[PDB]
Amino acid sequence: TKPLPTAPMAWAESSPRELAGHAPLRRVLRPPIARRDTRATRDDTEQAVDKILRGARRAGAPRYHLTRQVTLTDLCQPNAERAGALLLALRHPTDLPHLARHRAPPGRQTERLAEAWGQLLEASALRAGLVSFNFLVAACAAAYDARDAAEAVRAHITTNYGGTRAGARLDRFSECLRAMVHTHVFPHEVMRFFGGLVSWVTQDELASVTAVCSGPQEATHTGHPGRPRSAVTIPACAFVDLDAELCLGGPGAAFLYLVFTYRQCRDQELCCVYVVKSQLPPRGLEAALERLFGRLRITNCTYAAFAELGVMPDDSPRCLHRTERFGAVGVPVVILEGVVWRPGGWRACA
Amino acid sequence: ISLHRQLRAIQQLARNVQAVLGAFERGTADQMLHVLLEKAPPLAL
Amino acid sequence: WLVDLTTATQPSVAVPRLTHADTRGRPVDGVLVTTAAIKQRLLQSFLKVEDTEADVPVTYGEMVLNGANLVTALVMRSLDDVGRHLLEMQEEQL
Amino acid sequence: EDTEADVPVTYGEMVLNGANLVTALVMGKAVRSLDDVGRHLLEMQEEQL
């Protein structure tokens with residue numbers, strides 16, 4: 001409201017160029033081309049009417065594409081997890097038993113994926129829903145490298161998620177994931193990215209989650225007027241850099257990816273979901289997957305599958321590595337800052 | 001106009017002549033050393 | 001054919017301060033030059049004469065000094081007089 | 001041998017003798033309109049001083 005650091009205070013208002021650009025156009029002149037040569041409220045609500053006029057007398061500011069979905073609360077819990085997590089949409093699981101009959105190699109149990117998925121519906125009930133990312137880490141927790149922080153993921157899920165026997169949801173869905181790779185229906189063929197959390201609506205057995213399917217993060221008016229701010233949080237088992245592991249320490253915008261690792265063995269099949277931060281082209285990424293993860297190459301068609309997730313627009317991108325609280329549980333959480341979401345498609349194996 | 005340039009060019013000489021006329025008060029200080037170094041035998045003799 | 005001689009030249013750049021014009025003031029575009037055999041042949045049969053006595057500029061164009069090296073001196077009167085003497089020596093050229 | 005010293009404050013500035021160029025919109029072609037060129041020059045060179 002017109003302060004006196006004016007040249008910045010007018011600069012934050014959306015300039016002098018728009019005044020000078022309308023000066024030669026509109027402020028001067030008749031040229032373009034011419035001839036030659038009622039005590040407490042009202043005025044409380046009355047200035048609120050004027051606030052609508054203040055909303056109408058005027059109106060950078062980035063854009064979004066907010067999305068909503070009516071979502072069952074079996075697998076994910078938008079109440080237990082705070083605003084600012086990853087989310088994952090799914091295909092409808094009636095396509096699961098038929099595609100396993102044609103994509104699984106000969107000699108493998110194609111009945112296994114339809115049976116393992118059916119046991120999950122009777123275990124979370126003691127309809128294409130949504131998988132939250134923290135729930136997915138405890139499922140693939142039995143394949144990682146840092147196993148203690150994967151148990152820190154498992155420490156809060158069994159105590160904060162709504163439902164009965166959340167550990168039985170975990171150990172059955174992890175059995176579903178071991179039935180995914182065995183029936184060759186890869187989880188990247190099912191897991192689809194759905195935007196980062198901003199808010200949700202509570203209801204019995206289902207929740208209406210809002211999310212940004214494309215755009216930046218922190219300037220969404222969350223609904224809370226004190227804090228329209230919510231940082232992106234990732235557990236420490238999934239956060240993988242390629243600036244430190246490849247000695248690329250230069251500044252530049254850092255991309256964010258999702259990466260699946262596949263190990264194809266007889267009834268011992270591993271799954272690991274990683275969030276890869278990089279300064280690389282997405283076409284200049286598959287060679288970097290060859291250098292690191294050649295161990296799952298031999299034990300297996302590719303072992304890797306990946307897609308874009310978002311971009312950090314910072315010159316020197318800033319990350320945090322803290323221990324936050326999901327209720328009473330201290331989890332080592334990699335908090336990311338300033339993320340501009342742009343999704344993409346997965347990449348192939350067979 | 002041409003006379004105004006001559007007030008620049010003739011006064012340009014009055015620099016460069018005084019820098020050359022100033023080489024003669026330092027020729028005295030030069031060539032009173034080159035003679036007194038020839039009148040003088042050293043202390044050791 | 002004479003049309004072509006007039007259509008093959010792209011117009012000039014400069015704008016003179018005084019133009020060769022008619023007694024009426026219509027300005028003149030170009031110059032044909034020939035022998036006396038051809039010229040007098042055209043003026044009878046083929047071409048026409050819209051006017052005879054034209055107007056011509058007299059005085060030549062002149063020039064003005066725009067910009068110069070700034071070079072001065074003094075014999076040491078404060079130290080700013082070097083500056084003030086410049087404006088002096090500029091005010092002349094105007 | 002001293003404690004407090006005296007220091008100038010203001011920065012300097014420059015004296016501008018530049019190349020003075022014109023682009024002048026013109027309506028109609030006549031000597032006055034043209035002499036305005038010569039005039040606007042003097043106007044402009046009168047401004048620098």
# chains A, B, ... in the order shown; residues from 1 in each chain; ligands from 1
call {"tool": "residues_around", "arguments": {"residues": "residue 150 (chain A)", "least_positions_apart": "3", "cutoff": "6 Å", "atoms": "only C-alpha atoms", "output": "number ranges by chain"}}
result
A: 141, 147, 153
call {"tool": "interface_residues", "arguments": {"of": "chain C", "to": "chain B", "cutoff": "9 Å", "atoms": "only C-alpha atoms", "output": "PyMOL selection string"}}
result
chain C and resi 71-73+89+92-93
call {"tool": "write_last_selection", "arguments": {"atoms": "C-alpha atoms", "output": "PDB file, in the first residue's frame"}}
result
ATOM      1  CA  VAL C  71      42.610  19.206 -25.460  1.00  0.00           C
ATOM      2  CA  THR C  72      43.584  22.221 -23.375  1.00  0.00           C
ATOM      3  CA  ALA C  73      46.241  23.523 -21.035  1.00  0.00           C
ATOM      4  CA  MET C  89      36.332  26.793 -25.430  1.00  0.00           C
ATOM      5  CA  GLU C  92      32.960  29.196 -29.047  1.00  0.00           C
ATOM      6  CA  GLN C  93      32.055  26.441 -31.476  1.00  0.00           C
TER       7      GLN C  93
END
call {"tool": "atom_distance", "arguments": {"atom1": "CA of residue 269 (chain A)", "atom2": "CA of residue 181 (chain A)"}}
result
7.0 Å
call {"tool": "residues_around", "arguments": {"residues": "region 42-45 of chain D", "least_positions_apart": "3", "cutoff": "10 Å", "atoms": "only C-alpha atoms", "output": "PyMOL selection string"}}
result
(chain C and resi 66+90-91+93-94) or (chain D and resi 17-22+36-39+48-49)
call {"tool": "write_last_selection", "arguments": {"atoms": "C-alpha atoms", "output": "PDB file, in the first residue's frame"}}
result
ATOM      1  CA  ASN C  66      30.168  17.805 -34.357  1.00  0.00           C
ATOM      2  CA  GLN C  90      33.145  24.855 -26.125  1.00  0.00           C
ATOM      3  CA  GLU C  91      30.931  27.920 -26.111  1.00  0.00           C
ATOM      4  CA  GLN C  93      32.055  26.441 -31.476  1.00  0.00           C
ATOM      5  CA  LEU C  94      28.348  27.066 -30.934  1.00  0.00           C
TER       6      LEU C  94
ATOM      7  CA  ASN D  17      31.523  16.659 -25.352  1.00  0.00           C
ATOM      8  CA  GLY D  18      29.822  13.992 -27.420  1.00  0.00           C
ATOM      9  CA  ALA D  19      28.733  13.144 -30.915  1.00  0.00           C
ATOM     10  CA  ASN D  20      25.372  14.868 -31.235  1.00  0.00           C
ATOM     11  CA  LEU D  21      22.968  13.069 -33.573  1.00  0.00           C
ATOM     12  CA  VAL D  22      19.380  13.777 -34.619  1.00  0.00           C
ATOM     13  CA  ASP D  36      14.598  23.095 -38.179  1.00  0.00           C
ATOM     14  CA  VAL D  37      17.179  20.335 -38.576  1.00  0.00           C
ATOM     15  CA  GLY D  38      19.884  22.974 -38.424  1.00  0.00           C
ATOM     16  CA  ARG D  39      17.835  24.583 -35.686  1.00  0.00           C
ATOM     17  CA  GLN D  48      24.953  20.321 -23.419  1.00  0.00           C
ATOM     18  CA  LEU D  49      26.598  23.486 -22.122  1.00  0.00           C
TER      19      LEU D  49
END
call {"tool": "closest_atom_pairs", "arguments": {"of": "chain D", "to": "chain A", "cutoff": "8 Å", "atoms": "only C-alpha atoms", "output": "tab-separated table"}}
result
residue	atom	partner	partner_atom	distance
D:26	CA	A:37	CA	6.1
D:27	CA	A:37	CA	2.7
D:28	CA	A:37	CA	4.2
D:29	CA	A:37	CA	7.8
call {"tool": "write_last_selection", "arguments": {"atoms": "C-alpha atoms", "output": "short mmCIF file (atom, residue, chain, number, x, y, z; two decimals), in the first residue's frame"}}
result
data_model
loop_
_atom_site.label_atom_id
_atom_site.label_comp_id
_atom_site.auth_asym_id
_atom_site.auth_seq_id
_atom_site.Cartn_x
_atom_site.Cartn_y
_atom_site.Cartn_z
CA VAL D 26 8.99 15.86 -39.98
CA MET D 27 5.62 16.84 -41.42
CA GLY D 28 5.87 18.55 -44.80
CA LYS D 29 9.03 19.38 -46.72
#
call {"tool": "select_by_dssp", "arguments": {"residues": "chain C", "states": "strand (DSSP E or B)", "output": "PyMOL selection string"}}
result
chain C and resi 21-22+27+54-55
call {"tool": "atom_distance", "arguments": {"atom1": "CA of residue 278 (chain A)", "atom2": "CA of residue 254 (chain A)"}}
result
5.4 Å
call {"tool": "select_by_dssp", "arguments": {"residues": "chain D", "states": "alpha helix (DSSP H)", "output": "VMD selection string"}}
result
chain D and resid 31 to 48
call {"tool": "write_last_selection", "arguments": {"atoms": "N, CA and C atoms", "output": "mmCIF file, in the first residue's frame"}}
result
data_model
loop_
_atom_site.group_PDB
_atom_site.id
_atom_site.type_symbol
_atom_site.label_atom_id
_atom_site.label_comp_id
_atom_site.auth_asym_id
_atom_site.auth_seq_id
_atom_site.Cartn_x
_atom_site.Cartn_y
_atom_site.Cartn_z
ATOM 1 N N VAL D 31 11.861 24.669 -46.428
ATOM 2 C CA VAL D 31 13.141 25.120 -45.896
ATOM 3 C C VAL D 31 13.069 25.251 -44.382
ATOM 4 N N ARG D 32 12.057 25.962 -43.882
ATOM 5 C CA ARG D 32 11.851 26.045 -42.442
ATOM 6 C C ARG D 32 11.796 24.678 -41.792
ATOM 7 N N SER D 33 10.903 23.802 -42.256
ATOM 8 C CA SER D 33 10.908 22.429 -41.782
ATOM 9 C C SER D 33 12.292 21.805 -41.877
ATOM 10 N N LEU D 34 12.993 21.999 -42.991
ATOM 11 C CA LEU D 34 14.367 21.540 -43.088
ATOM 12 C C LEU D 34 15.323 22.335 -42.211
ATOM 13 N N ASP D 35 15.260 23.665 -42.239
ATOM 14 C CA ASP D 35 16.130 24.445 -41.372
ATOM 15 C C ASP D 35 15.957 24.083 -39.911
ATOM 16 N N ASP D 36 14.770 23.624 -39.521
ATOM 17 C CA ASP D 36 14.598 23.095 -38.179
ATOM 18 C C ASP D 36 15.665 22.070 -37.832
ATOM 19 N N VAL D 37 16.029 21.202 -38.780
ATOM 20 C CA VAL D 37 17.179 20.335 -38.576
ATOM 21 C C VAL D 37 18.364 21.143 -38.076
ATOM 22 N N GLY D 38 18.848 22.077 -38.892
ATOM 23 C CA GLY D 38 19.884 22.974 -38.424
ATOM 24 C C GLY D 38 19.515 23.628 -37.111
ATOM 25 N N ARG D 39 18.245 23.980 -36.944
ATOM 26 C CA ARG D 39 17.835 24.583 -35.686
ATOM 27 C C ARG D 39 17.898 23.595 -34.538
ATOM 28 N N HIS D 40 17.284 22.427 -34.698
ATOM 29 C CA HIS D 40 17.282 21.461 -33.612
ATOM 30 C C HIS D 40 18.695 21.062 -33.222
ATOM 31 N N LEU D 41 19.630 21.087 -34.169
ATOM 32 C CA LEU D 41 21.030 20.908 -33.813
ATOM 33 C C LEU D 41 21.451 21.923 -32.771
ATOM 34 N N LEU D 42 21.478 23.197 -33.152
ATOM 35 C CA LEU D 42 21.815 24.240 -32.199
ATOM 36 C C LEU D 42 21.051 24.106 -30.902
ATOM 37 N N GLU D 43 19.740 23.901 -30.967
ATOM 38 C CA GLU D 43 19.015 23.603 -29.746
ATOM 39 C C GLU D 43 19.709 22.507 -28.960
ATOM 40 N N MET D 44 19.990 21.378 -29.598
ATOM 41 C CA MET D 44 20.624 20.297 -28.868
ATOM 42 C C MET D 44 22.028 20.648 -28.411
ATOM 43 N N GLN D 45 22.869 21.212 -29.273
ATOM 44 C CA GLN D 45 24.182 21.590 -28.776
ATOM 45 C C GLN D 45 24.106 22.711 -27.762
ATOM 46 N N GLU D 46 23.063 23.532 -27.804
ATOM 47 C CA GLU D 46 22.923 24.522 -26.750
ATOM 48 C C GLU D 46 22.635 23.856 -25.420
ATOM 49 N N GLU D 47 22.030 22.674 -25.450
ATOM 50 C CA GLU D 47 21.656 22.012 -24.214
ATOM 51 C C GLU D 47 22.850 21.476 -23.452
ATOM 52 N N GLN D 48 23.841 20.915 -24.141
ATOM 53 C CA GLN D 48 24.953 20.321 -23.419
ATOM 54 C C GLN D 48 25.619 21.316 -22.488
#
call {"tool": "atom_distance", "arguments": {"atom1": "CA of residue 247 (chain A)", "atom2": "CA of residue 145 (chain A)"}}
result
21.0 Å
call {"tool": "interface_residues", "arguments": {"of": "chain C", "to": "chain D", "cutoff": "12 Å", "atoms": "only C-alpha atoms", "output": "ChimeraX atom specification"}}
result
/C:15-19,25,27,62-71,82-94
call {"tool": "residues_around", "arguments": {"residues": "residue 99 (chain A)", "least_positions_apart": "2", "cutoff": "10 Å", "atoms": "only C-alpha atoms", "output": "ChimeraX atom specification"}}
result
/A:94-97,101-104,110,113,183-185
